[PDB]
Structures are given as structure tokens and as C-alpha cells.
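upload36.pdb (PDB, C-alpha atoms and all ligand atoms)
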ATOM      1  CA  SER A  42      16.966   3.425   8.090  1.00  0.00           C
ATOM      2  CA  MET A  43      13.823   1.395   7.798  1.00  0.00           C
ATOM      3  CA  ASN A  44      10.746   3.487   8.691  1.00  0.00           C
ATOM      4  CA  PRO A  45      10.078   6.660   6.733  1.00  0.00           C
ATOM      5  CA  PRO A  46       9.008   9.811   8.483  1.00  0.00           C
ATOM      6  CA  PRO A  47       5.269   9.616   9.179  1.00  0.00           C
ATOM      7  CA  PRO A  48       2.706  11.504   7.170  1.00  0.00           C
ATOM      8  CA  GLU A  49       2.341  15.170   7.995  1.00  0.00           C
ATOM      9  CA  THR A  50      -0.354  16.006  10.615  1.00  0.00           C
ATOM     10  CA  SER A  51       0.481  19.680  11.133  1.00  0.00           C
ATOM     11  CA  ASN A  52       1.107  22.478   8.596  1.00  0.00           C
ATOM     12  CA  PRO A  53       0.312  26.034   9.660  1.00  0.00           C
ATOM     13  CA  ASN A  54       0.299  27.505   6.206  1.00  0.00           C
ATOM     14  CA  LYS A  55      -2.090  24.915   4.781  1.00  0.00           C
ATOM     15  CA  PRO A  56      -5.558  26.425   4.683  1.00  0.00           C
ATOM     16  CA  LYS A  57      -8.091  24.662   6.915  1.00  0.00           C
ATOM     17  CA  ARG A  58     -11.846  24.421   7.431  1.00  0.00           C
ATOM     18  CA  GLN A  59     -14.155  22.996  10.036  1.00  0.00           C
ATOM     19  CA  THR A  60     -17.188  21.675   8.186  1.00  0.00           C
ATOM     20  CA  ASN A  61     -20.103  19.629   9.483  1.00  0.00           C
ATOM     21  CA  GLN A  62     -18.898  16.770   7.209  1.00  0.00           C
ATOM     22  CA  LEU A  63     -15.406  16.844   8.778  1.00  0.00           C
ATOM     23  CA  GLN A  64     -17.068  16.873  12.231  1.00  0.00           C
ATOM     24  CA  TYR A  65     -19.031  13.734  11.266  1.00  0.00           C
ATOM     25  CA  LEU A  66     -15.821  12.147  10.039  1.00  0.00           C
ATOM     26  CA  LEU A  67     -14.295  12.591  13.538  1.00  0.00           C
ATOM     27  CA  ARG A  68     -17.324  12.051  15.755  1.00  0.00           C
ATOM     28  CA  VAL A  69     -19.015   9.235  13.795  1.00  0.00           C
ATOM     29  CA  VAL A  70     -16.689   7.584  11.295  1.00  0.00           C
ATOM     30  CA  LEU A  71     -13.332   7.705  13.080  1.00  0.00           C
ATOM     31  CA  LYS A  72     -14.849   7.072  16.520  1.00  0.00           C
ATOM     32  CA  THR A  73     -16.712   3.943  15.278  1.00  0.00           C
ATOM     33  CA  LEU A  74     -13.735   2.455  13.368  1.00  0.00           C
ATOM     34  CA  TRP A  75     -11.270   3.296  16.159  1.00  0.00           C
ATOM     35  CA  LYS A  76     -13.097   1.265  18.835  1.00  0.00           C
ATOM     36  CA  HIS A  77     -13.601  -1.751  16.556  1.00  0.00           C
ATOM     37  CA  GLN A  78     -11.952  -5.053  17.683  1.00  0.00           C
ATOM     38  CA  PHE A  79      -9.928  -4.998  14.395  1.00  0.00           C
ATOM     39  CA  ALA A  80      -8.716  -1.388  14.624  1.00  0.00           C
ATOM     40  CA  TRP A  81      -5.468  -1.942  16.465  1.00  0.00           C
ATOM     41  CA  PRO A  82      -3.066  -2.638  13.520  1.00  0.00           C
ATOM     42  CA  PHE A  83      -4.404   0.489  11.852  1.00  0.00           C
ATOM     43  CA  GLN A  84      -4.032   2.870  14.857  1.00  0.00           C
ATOM     44  CA  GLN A  85      -0.440   3.949  14.013  1.00  0.00           C
ATOM     45  CA  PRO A  86       1.841   3.794  10.981  1.00  0.00           C
ATOM     46  CA  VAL A  87       3.077   0.448   9.874  1.00  0.00           C
ATOM     47  CA  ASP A  88       6.272  -0.205  11.834  1.00  0.00           C
ATOM     48  CA  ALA A  89       8.381  -2.082   9.383  1.00  0.00           C
ATOM     49  CA  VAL A  90      11.233  -2.432  11.878  1.00  0.00           C
ATOM     50  CA  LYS A  91       9.029  -3.947  14.596  1.00  0.00           C
ATOM     51  CA  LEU A  92       7.399  -6.358  12.128  1.00  0.00           C
ATOM     52  CA  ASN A  93      10.582  -7.182  10.259  1.00  0.00           C
ATOM     53  CA  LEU A  94       8.989  -6.110   6.939  1.00  0.00           C
ATOM     54  CA  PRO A  95      11.923  -4.454   5.217  1.00  0.00           C
ATOM     55  CA  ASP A  96       9.948  -4.449   1.932  1.00  0.00           C
ATOM     56  CA  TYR A  97       6.847  -2.629   3.242  1.00  0.00           C
ATOM     57  CA  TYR A  98       7.959   0.872   2.310  1.00  0.00           C
ATOM     58  CA  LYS A  99       9.475  -0.319  -0.949  1.00  0.00           C
ATOM     59  CA  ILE A 100       5.930  -1.333  -1.973  1.00  0.00           C
ATOM     60  CA  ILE A 101       3.804   1.295  -0.239  1.00  0.00           C
ATOM     61  CA  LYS A 102       4.854   4.788  -1.200  1.00  0.00           C
ATOM     62  CA  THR A 103       1.752   6.633   0.077  1.00  0.00           C
ATOM     63  CA  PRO A 104       1.381   5.221   3.637  1.00  0.00           C
ATOM     64  CA  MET A 105      -1.680   6.075   5.710  1.00  0.00           C
ATOM     65  CA  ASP A 106      -3.132   4.896   9.041  1.00  0.00           C
ATOM     66  CA  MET A 107      -5.957   5.881  11.432  1.00  0.00           C
ATOM     67  CA  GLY A 108      -3.494   7.329  13.999  1.00  0.00           C
ATOM     68  CA  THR A 109      -2.513   9.867  11.337  1.00  0.00           C
ATOM     69  CA  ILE A 110      -6.146  10.424  10.353  1.00  0.00           C
ATOM     70  CA  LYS A 111      -7.142  10.903  13.995  1.00  0.00           C
ATOM     71  CA  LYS A 112      -4.414  13.573  14.465  1.00  0.00           C
ATOM     72  CA  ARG A 113      -5.416  15.305  11.206  1.00  0.00           C
ATOM     73  CA  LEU A 114      -9.087  15.483  12.276  1.00  0.00           C
ATOM     74  CA  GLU A 115      -8.341  16.513  15.904  1.00  0.00           C
ATOM     75  CA  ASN A 116      -5.958  19.208  14.729  1.00  0.00           C
ATOM     76  CA  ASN A 117      -8.134  20.540  11.874  1.00  0.00           C
ATOM     77  CA  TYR A 118      -5.639  19.651   9.105  1.00  0.00           C
ATOM     78  CA  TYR A 119      -8.155  19.295   6.275  1.00  0.00           C
ATOM     79  CA  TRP A 120      -9.839  21.705   3.865  1.00  0.00           C
ATOM     80  CA  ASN A 121     -12.609  19.302   2.951  1.00  0.00           C
ATOM     81  CA  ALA A 122     -14.159  15.931   3.772  1.00  0.00           C
ATOM     82  CA  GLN A 123     -12.940  14.394   0.525  1.00  0.00           C
ATOM     83  CA  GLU A 124      -9.247  14.822   1.564  1.00  0.00           C
ATOM     84  CA  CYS A 125     -10.023  12.765   4.694  1.00  0.00           C
ATOM     85  CA  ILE A 126     -12.080  10.175   2.855  1.00  0.00           C
ATOM     86  CA  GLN A 127      -9.122   9.827   0.474  1.00  0.00           C
ATOM     87  CA  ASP A 128      -6.877   9.083   3.470  1.00  0.00           C
ATOM     88  CA  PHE A 129      -9.167   6.246   4.614  1.00  0.00           C
ATOM     89  CA  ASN A 130      -9.246   4.825   1.093  1.00  0.00           C
ATOM     90  CA  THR A 131      -5.432   5.005   0.838  1.00  0.00           C
ATOM     91  CA  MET A 132      -5.184   3.119   4.116  1.00  0.00           C
ATOM     92  CA  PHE A 133      -7.429   0.287   2.923  1.00  0.00           C
ATOM     93  CA  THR A 134      -5.913   0.103  -0.575  1.00  0.00           C
ATOM     94  CA  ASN A 135      -2.398  -0.067   0.769  1.00  0.00           C
ATOM     95  CA  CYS A 136      -3.425  -3.041   2.897  1.00  0.00           C
ATOM     96  CA  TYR A 137      -4.845  -4.857  -0.154  1.00  0.00           C
ATOM     97  CA  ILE A 138      -1.755  -4.059  -2.239  1.00  0.00           C
ATOM     98  CA  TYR A 139       0.844  -5.238   0.240  1.00  0.00           C
ATOM     99  CA  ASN A 140      -0.949  -8.353   1.530  1.00  0.00           C
ATOM    100  CA  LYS A 141      -2.822 -11.329   0.005  1.00  0.00           C
ATOM    101  CA  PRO A 142      -6.520 -12.198  -0.210  1.00  0.00           C
ATOM    102  CA  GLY A 143      -7.727 -13.887   2.934  1.00  0.00           C
ATOM    103  CA  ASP A 144      -4.766 -12.841   5.083  1.00  0.00           C
ATOM    104  CA  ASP A 145      -5.858 -11.904   8.578  1.00  0.00           C
ATOM    105  CA  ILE A 146      -4.891  -8.222   8.052  1.00  0.00           C
ATOM    106  CA  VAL A 147      -6.961  -8.104   4.856  1.00  0.00           C
ATOM    107  CA  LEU A 148      -9.992  -9.601   6.592  1.00  0.00           C
ATOM    108  CA  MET A 149      -9.598  -6.884   9.258  1.00  0.00           C
ATOM    109  CA  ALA A 150      -9.296  -4.136   6.650  1.00  0.00           C
ATOM    110  CA  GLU A 151     -12.345  -5.445   4.781  1.00  0.00           C
ATOM    111  CA  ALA A 152     -14.440  -5.440   7.976  1.00  0.00           C
ATOM    112  CA  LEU A 153     -13.359  -1.851   8.800  1.00  0.00           C
ATOM    113  CA  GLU A 154     -13.980  -0.774   5.186  1.00  0.00           C
ATOM    114  CA  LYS A 155     -17.508  -2.235   5.162  1.00  0.00           C
ATOM    115  CA  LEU A 156     -18.220  -0.176   8.262  1.00  0.00           C
ATOM    116  CA  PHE A 157     -16.554   2.868   6.828  1.00  0.00           C
ATOM    117  CA  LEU A 158     -18.654   2.641   3.649  1.00  0.00           C
ATOM    118  CA  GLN A 159     -21.839   2.216   5.788  1.00  0.00           C
ATOM    119  CA  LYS A 160     -21.030   5.441   7.646  1.00  0.00           C
ATOM    120  CA  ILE A 161     -19.832   7.390   4.594  1.00  0.00           C
ATOM    121  CA  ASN A 162     -23.110   6.538   2.955  1.00  0.00           C
ATOM    122  CA  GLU A 163     -24.798   8.656   5.704  1.00  0.00           C
ATOM    123  CA  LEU A 164     -22.380  11.602   5.368  1.00  0.00           C
ATOM    124  CA  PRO A 165     -24.392  14.787   6.052  1.00  0.00           C
ATOM    125  CA  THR A 166     -25.056  17.364   3.336  1.00  0.00           C
ATOM    126  CA  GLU A 167     -22.559  20.286   3.336  1.00  0.00           C
ATOM    127  CA  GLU A 168     -24.102  23.180   5.321  1.00  0.00           C
TER     128      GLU A 168
HETATM  129  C1  LIG A 201       3.611 -10.414   5.113  1.00  0.00           C
HETATM  130  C2  LIG A 201       3.124 -10.043   6.497  1.00  0.00           C
HETATM  131  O1  LIG A 201       2.257  -8.895   6.278  1.00  0.00           O
HETATM  132  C3  LIG A 201       1.952  -8.240   7.423  1.00  0.00           C
HETATM  133  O2  LIG A 201       2.374  -8.563   8.530  1.00  0.00           O
HETATM  134  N1  LIG A 201       1.134  -7.174   7.149  1.00  0.00           N
HETATM  135  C4  LIG A 201       0.681  -6.317   8.130  1.00  0.00           C
HETATM  136  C5  LIG A 201       0.819  -6.398   9.504  1.00  0.00           C
HETATM  137  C6  LIG A 201       0.369  -5.303  10.318  1.00  0.00           C
HETATM  138  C7  LIG A 201       0.538  -5.334  11.729  1.00  0.00           C
HETATM  139  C8  LIG A 201       0.613  -6.504  12.469  1.00  0.00           C
HETATM  140  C9  LIG A 201       0.885  -6.528  13.832  1.00  0.00           C
HETATM  141  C10 LIG A 201       1.165  -5.367  14.509  1.00  0.00           C
HETATM  142  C11 LIG A 201       1.622  -5.467  15.939  1.00  0.00           C
HETATM  143  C12 LIG A 201       1.208  -4.168  13.801  1.00  0.00           C
HETATM  144  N2  LIG A 201       1.624  -2.977  14.500  1.00  0.00           N
HETATM  145  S1  LIG A 201       2.122  -1.569  13.830  1.00  0.00           S
HETATM  146  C13 LIG A 201       0.812  -0.627  13.261  1.00  0.00           C
HETATM  147  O3  LIG A 201       2.769  -0.841  14.852  1.00  0.00           O
HETATM  148  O4  LIG A 201       2.929  -1.932  12.722  1.00  0.00           O
HETATM  149  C14 LIG A 201       0.849  -4.123  12.399  1.00  0.00           C
HETATM  150  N3  LIG A 201      -0.296  -4.217   9.861  1.00  0.00           N
HETATM  151  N4  LIG A 201      -0.459  -4.195   8.513  1.00  0.00           N
HETATM  152  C15 LIG A 201      -1.099  -3.242   7.767  1.00  0.00           C
HETATM  153  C16 LIG A 201      -1.781  -2.012   8.386  1.00  0.00           C
HETATM  154  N5  LIG A 201      -1.007  -3.619   6.445  1.00  0.00           N
HETATM  155  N6  LIG A 201      -0.286  -4.794   6.327  1.00  0.00           N
HETATM  156  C17 LIG A 201       0.025  -5.154   7.578  1.00  0.00           C
END

Do you think you could lay out the structure here as C-alpha cells?
Ligand SMILES: CCOC(=O)Nc1cc(-c2ccc(C)c(NS(C)(=O)=O)c2)nn2c(C)nnc12
Amino acid sequence: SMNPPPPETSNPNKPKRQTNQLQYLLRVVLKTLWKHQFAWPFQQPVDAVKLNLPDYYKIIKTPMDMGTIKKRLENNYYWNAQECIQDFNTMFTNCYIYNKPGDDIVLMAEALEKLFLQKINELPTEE
């Protein structure tokens, strides 16, 4: 049964906050990366069935994607900005683990990550 269940995006008993940093993560970081020409393979979980990659989820045990991140930000899933930043980093790292240097998907990930790092550098102070 080739795809795992997707990451959780809803959990009513998990404590949540709305912080100005989490707002920036949705309105600046996510928005910018989402509309990028290279965003599309990252906008939902890797579909190992569709791609015929039966080894994907043998290799990647902590999957993450921007579709998941978008839903987490829109539905106020997080306690802090660092949880969300960790999700972006997991997404990029997984890509580098599974694939090889110079593969198209890696080039795409690198371009998104450069942008991500540019925006995270301007993360607002926690008010
Ligand atoms: C040895 C071949 O390796 C790969 O094909 N690698 C990867 C491929 C794709 C990828 C391509 C095309 C499409 C249509 C999709 N769609 S989706 C999100 O529904 O699965 C994803 N994403 N990807 C991500 C992230 N990380 N690695 C890969």
C-alpha cells in the first residue's frame, strides 16, 4: 500500500499560537515560495504511486511538503515559528537525501531554499 498517510495538519488538543513570526511565515515566506515557477513538485506530498517510486518512503521516513505546510499555517497548527521552519528544512533535506546532485528536482529545491533563506533572514522579532 504504497503511499503513507500524509503528515498531520489538524490536532485539536495540540496547543497553538498565532505569532507575528508565524504570520510572516504564511504571508511572506510561504506565499513567495508557493508562486515560484519551481514550486509545483513541492505543493503536495510525494506521490510514490504516481511516480512509480516504490523506494521513496523506504528512504524518507519524515516526509514534508509545502501543501502540508500551507495547511498547517492556514489552520494555526503551530506553537512557534521554529516548528514551521523545521518543516521547510525537512522538505529540502529529504529532497537532497533521496535524489542526486544536479538532478532537476534538486536544482528546484536549491532555488526554493535560497529564497527561503533570504526571507528567513528577515524574520521579524517576536512581539
Ligand atoms: C529518481 C527519480 O526521483 C524523482 O523523481 N524525485 C522526485 C520527483 C518529484 C516529482 C516529480 C513530478 C511530479 C509530477 C511530482 N508530483 S507529486 C508531488 O504529486 O509527487 C513530484 N518530486 N520529488 C521531491 C519533492 N523529491 N524528490 C522528488

Could you tell me which residues the PyMOL selection byres (((chain A and resi 71-77) around 10) and not hetatm) returns for this structure, as a compact mmCIF listing (two decimals) with C-alpha atoms, keeping the file's coordinate frame?
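New file part16.txt:
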# COMPACT_ATOMS: atom_id res chain seq x y z
CA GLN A 64 -17.07 16.87 12.23
CA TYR A 65 -19.03 13.73 11.27
CA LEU A 66 -15.82 12.15 10.04
CA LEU A 67 -14.30 12.59 13.54
CA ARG A 68 -17.32 12.05 15.76
CA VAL A 69 -19.02 9.24 13.80
CA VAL A 70 -16.69 7.58 11.30
CA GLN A 78 -11.95 -5.05 17.68
CA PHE A 79 -9.93 -5.00 14.40
CA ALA A 80 -8.72 -1.39 14.62
CA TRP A 81 -5.47 -1.94 16.46
CA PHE A 83 -4.40 0.49 11.85
CA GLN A 84 -4.03 2.87 14.86
CA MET A 107 -5.96 5.88 11.43
CA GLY A 108 -3.49 7.33 14.00
CA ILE A 110 -6.15 10.42 10.35
CA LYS A 111 -7.14 10.90 14.00
CA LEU A 114 -9.09 15.48 12.28
CA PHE A 129 -9.17 6.25 4.61
CA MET A 149 -9.60 -6.88 9.26
CA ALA A 152 -14.44 -5.44 7.98
CA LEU A 153 -13.36 -1.85 8.80
CA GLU A 154 -13.98 -0.77 5.19
CA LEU A 156 -18.22 -0.18 8.26
CA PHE A 157 -16.55 2.87 6.83
CA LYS A 160 -21.03 5.44 7.65

Given 12 Å and all atoms listed in the file, residues near ligand LIG 201 (chain A) as a compact mmCIF listing (two decimals) with C-alpha atoms, keeping the file's coordinate frame:
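Writing done, so here's part.txt:
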# COMPACT_ATOMS: atom_id res chain seq x y z
CA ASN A 44 10.75 3.49 8.69
CA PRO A 47 5.27 9.62 9.18
CA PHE A 79 -9.93 -5.00 14.40
CA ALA A 80 -8.72 -1.39 14.62
CA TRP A 81 -5.47 -1.94 16.46
CA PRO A 82 -3.07 -2.64 13.52
CA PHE A 83 -4.40 0.49 11.85
CA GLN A 84 -4.03 2.87 14.86
CA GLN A 85 -0.44 3.95 14.01
CA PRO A 86 1.84 3.79 10.98
CA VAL A 87 3.08 0.45 9.87
CA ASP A 88 6.27 -0.20 11.83
CA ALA A 89 8.38 -2.08 9.38
CA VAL A 90 11.23 -2.43 11.88
CA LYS A 91 9.03 -3.95 14.60
CA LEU A 92 7.40 -6.36 12.13
CA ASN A 93 10.58 -7.18 10.26
CA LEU A 94 8.99 -6.11 6.94
CA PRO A 95 11.92 -4.45 5.22
CA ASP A 96 9.95 -4.45 1.93
CA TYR A 97 6.85 -2.63 3.24
CA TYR A 98 7.96 0.87 2.31
CA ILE A 100 5.93 -1.33 -1.97
CA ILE A 101 3.80 1.30 -0.24
CA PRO A 104 1.38 5.22 3.64
CA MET A 105 -1.68 6.08 5.71
CA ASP A 106 -3.13 4.90 9.04
CA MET A 107 -5.96 5.88 11.43
CA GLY A 108 -3.49 7.33 14.00
CA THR A 109 -2.51 9.87 11.34
CA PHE A 129 -9.17 6.25 4.61
CA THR A 131 -5.43 5.00 0.84
CA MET A 132 -5.18 3.12 4.12
CA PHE A 133 -7.43 0.29 2.92
CA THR A 134 -5.91 0.10 -0.57
CA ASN A 135 -2.40 -0.07 0.77
CA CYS A 136 -3.42 -3.04 2.90
CA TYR A 137 -4.84 -4.86 -0.15
CA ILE A 138 -1.76 -4.06 -2.24
CA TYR A 139 0.84 -5.24 0.24
CA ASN A 140 -0.95 -8.35 1.53
CA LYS A 141 -2.82 -11.33 0.00
CA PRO A 142 -6.52 -12.20 -0.21
CA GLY A 143 -7.73 -13.89 2.93
CA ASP A 144 -4.77 -12.84 5.08
CA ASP A 145 -5.86 -11.90 8.58
CA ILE A 146 -4.89 -8.22 8.05
CA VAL A 147 -6.96 -8.10 4.86
CA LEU A 148 -9.99 -9.60 6.59
CA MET A 149 -9.60 -6.88 9.26
CA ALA A 150 -9.30 -4.14 6.65
CA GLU A 151 -12.34 -5.44 4.78
CA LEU A 153 -13.36 -1.85 8.80

Next item on the list: Excluding residue A:122 and residues on its chain fewer than 3 positions from it, collect all residues at most 7 Å away from it, counting only C-alpha atoms, and give them as number ranges by chain.
Entry: A: 62-63, 125-126

So what does the PyMOL selection byres (((chain A and resi 53) around 12) and not hetatm) actually pick up in this one, as a compact mmCIF listing (two decimals) with C-alpha atoms, in the frame of the given file?
# COMPACT_ATOMS: atom_id res chain seq x y z
CA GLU A 49 2.34 15.17 8.00
CA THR A 50 -0.35 16.01 10.62
CA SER A 51 0.48 19.68 11.13
CA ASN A 52 1.11 22.48 8.60
CA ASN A 54 0.30 27.50 6.21
CA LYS A 55 -2.09 24.92 4.78
CA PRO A 56 -5.56 26.42 4.68
CA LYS A 57 -8.09 24.66 6.92
CA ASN A 116 -5.96 19.21 14.73
CA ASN A 117 -8.13 20.54 11.87
CA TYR A 118 -5.64 19.65 9.10
CA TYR A 119 -8.15 19.30 6.28

Please enclose the listed atoms of stretch 46-51 of chain A in an axis-aligned box, pad each side by 8 Å, and write out the centre and the three edge lengths in Å, rounded to one decimal, as lines of an AutoDock Vina configuration file.
center_x = 4.3
center_y = 14.6
center_z = 9.2
size_x = 25.4
size_y = 26.1
size_z = 20.0
